[PDB]
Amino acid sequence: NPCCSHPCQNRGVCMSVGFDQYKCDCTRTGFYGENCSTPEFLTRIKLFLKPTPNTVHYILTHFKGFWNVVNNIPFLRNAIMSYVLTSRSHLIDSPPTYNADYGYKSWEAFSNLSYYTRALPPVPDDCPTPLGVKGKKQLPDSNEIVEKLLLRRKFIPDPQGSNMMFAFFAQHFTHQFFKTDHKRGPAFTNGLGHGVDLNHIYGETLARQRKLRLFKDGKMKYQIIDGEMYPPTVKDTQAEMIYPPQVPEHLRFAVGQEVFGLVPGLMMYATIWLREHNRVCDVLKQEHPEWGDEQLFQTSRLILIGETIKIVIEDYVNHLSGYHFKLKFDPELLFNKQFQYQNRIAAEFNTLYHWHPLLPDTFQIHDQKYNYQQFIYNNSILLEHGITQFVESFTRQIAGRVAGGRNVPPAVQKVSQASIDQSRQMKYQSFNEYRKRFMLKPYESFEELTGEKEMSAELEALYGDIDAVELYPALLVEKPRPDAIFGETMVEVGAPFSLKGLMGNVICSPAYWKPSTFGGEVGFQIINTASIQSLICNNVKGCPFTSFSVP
């Protein structure tokens, strides 16, 4: 298969012609030639005028006094934010194309919603090396890579100050569209909404939704424990959950996502978001005393979806970015632009989002340290301390640095190995190939990748060629941007996936984005003034301070 060497550059589509020849389709790539590497004239100019992503990142993270002005000049802030959205989202094909089973466009790959889609097609099955033509005939031992490049010896804190409120928000949030179906394999998902539908609160299916609902006032079922509201149980709802056998029945809280019984941190946000839904229900009932349970529930869900995107853009990502420019959630920025209001979750999006280095060695709640064995599946901890205590504690506890390597906790070691194994199982192309896919210069050496000599020597001993290095391992050991949590590649591959998935939501389309969709101005206002702090303020006893960084 001549396409094994990935001959086609700049998004050129490779296709075999006979047994010994290929043909690059350069249509609308900006280039021409056998391999789509000769630039057209406007491409030459653009490339010449295009500053490096790291130059852009410098400018965005410096000159604070300059961005102060920009931030308070609506026309400017809007124009910039609008550009940020369109430029980044352009790197994601929409509607989607390839998946794990198709390196060529096909109706099965487009239409079958059970697959994660793919940004780059899989490596053909009959290739000399598992990645194409580079590297040894066999790939390095996954456990070896994990042990020599990923495993944590000494905890490395996030220089950006990310706390456990951020870490668990990331886990909780992404697991509504990262829902791998291992019954079928790593290439499949149970998140058929492929985005922010809040199925992790309300359930994936109507059947599960109906189990969780109270069908009174539009609300969700709940328990009252020590004066405060918590989710209902498996027993009361009949909504199944993943709990080991030791968990007593009355401690098996039922929420949208089956897996959120895993850690108390997830069950916290489950509790907080459950509280938020029922709160919005009270609000809406006042606005619409003539409304029944159904419209109250449905409108509340739409409001909470908006809240989610609002918070994720203006608190979650703003924190990650480290920008002085204030990011903005505003569907109006795109109403004059070409933009697809749909999304399909990429398998690589899932892979790069395995930020398990965030995890600490122990969890500190109030005056007590819990190890992993103590902390996993322990809902008594949640009741023992209550949500307020949790917020206050997690806000103070630092999270780990993702990029830079050697910062994955031993407890979640095998998970990190699984992340590698499943990449290979789904035939991922190389790190350098994904770099090129998102308009990044490929790394020419290991030393250039890590910015150091120790891990780069291990990499060289493992892989041989820099073009054989795999996506997930490279992402975690990539040289961090100055005092950053991520390296360049995590950002330039991540931001497009994130922003597309957020703005490519139905509620952001002009037909939906108007006050009547959310039951008037009052409801519409809940979205547009939402924040991580006010979410905690309105739903956590005492209204404690919180943010995604430690004070």
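Position 1 is the first residue in the sequence shown; the rest follow in order.
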Greater mean Cα temperature factor according to the PDB record, 347 to 355 or 399 to 407: 399 to 407
Using only the Cα atoms and their B-factors as the entry lists them, report which of 135 to 143 and 469 to 477 averages higher. 135 to 143
I'd like to know which of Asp158, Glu314, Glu448, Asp293 has the highest C-alpha temperature factor in the PDB entry. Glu448
Quick one: which of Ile527, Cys14, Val17, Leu535 has the biggest Cα B-factor according to the entry? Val17
Could you look up the Cα B-factor of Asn278 in the entry and say which third of the chain it sits in: lowest, middle or highest? middle
Against its chain's modelled residues, does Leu42's Cα B factor rank lowest, middle or highest third? highest
Using the temperature factors of the C-alpha atoms in this entry, rank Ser419 within its chain: lowest, middle or highest third. middle
For the chain shown, is the CA B-factor of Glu458 in the lowest, middle or highest third of its modelled residues? highest
Assigned third (lowest, middle, highest) for the C-alpha B factor of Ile80: middle
